[PDB]
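K.L.:
Supplied in structure tokens, the structure appears directly below.
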Amino acid sequence: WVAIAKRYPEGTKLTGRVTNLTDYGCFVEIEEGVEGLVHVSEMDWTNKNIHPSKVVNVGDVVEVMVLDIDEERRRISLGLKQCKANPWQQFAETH
């Protein structure tokens with residue numbers, strides 16, 4: 267069945283780029299008009315991991331796994347947080 271407004275099965279994973287940090291998570295951006303929230307505990311292996319989130323900065327590319335979707339609001343709540351191999355690149359555009 268469909269959970270009132272659902273696209274993805276849930277627990278199906280995505281890849282996104284990090285944009286903000288919240289009170290108990292991080293916000294990750296997917297595609298245009300589509301953004302997610304990385305829930306801090308969706309891994310376990312962070313806090314005692316030594317790492318600044320394996321260096322999860324604003325404008326870095328990560329992987330996330332989907333939690334709460336509302337097609338009505340356009341919020342998919344995706345949270346993973348491992349990071350990519352070369353997660354920072356030369357982000358300038360006026361060329």
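Okay, so the sequence shown: first residue is 267 according to UniProt numbering, each after it adds one.
A virtual CB, placed ideally from N, CA and C, is assigned to each residue, including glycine.
1) If you run the structure through DSSP and keep just helix, strand and coil, what is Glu-297?
2) According to DSSP, is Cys-349 helix, strand or coil?
3) In this structure, how does DSSP classify residue 374 when only helix, strand and coil are distinguished?
4) Who does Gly-277 pair with in a DSSP beta bridge?
5) What does a CB cutoff of less than 8 Å around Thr-312 pick up in its chain, not counting 5 residues either side in sequence?
6) Closest by CA to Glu-297, which one among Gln-355, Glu-359, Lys-350 and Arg-340?
7) Quick one: Cα of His-317 to Cα of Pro-353, how far?
P.N.:
Taking the coordinates as given:
1) Walking along the sequence shown from the start, residue 297 turns up at place 31. The three-state reading of DSSP puts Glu-297 in coil, since its state is none of H, G, I, E or B.
2) Your numbering for residue 349 matches position 83 in the sequence shown. If DSSP states are grouped into helix, strand and coil, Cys-349 belongs with coil.
3) With the chain represented from 267 up to 361, any question about residue 374 goes unanswered, as that position is not in the structure.
4) For the purposes of this step, residue 277 is taken as the residue at position 11 of the sequence shown. For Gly-277, which the question treats as bridged, DSSP gives no partner whatsoever.
5) Along the sequence shown, read from residue 1 onward, the residue named residue 312 stands at position 46. Around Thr-312: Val-306, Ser-319 and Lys-347.
6) Along the sequence shown, read from residue 1 onward, the residue named residue 297 stands at position 31. Closest by alpha carbon: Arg-340.
7) Residue mapping note: residue 317 aligns to position 51 of the sequence shown, counting from 1. Residue mapping note: residue 353 aligns to position 87 of the sequence shown, counting from 1. Roughly 15 Å between the two C-alpha positions.
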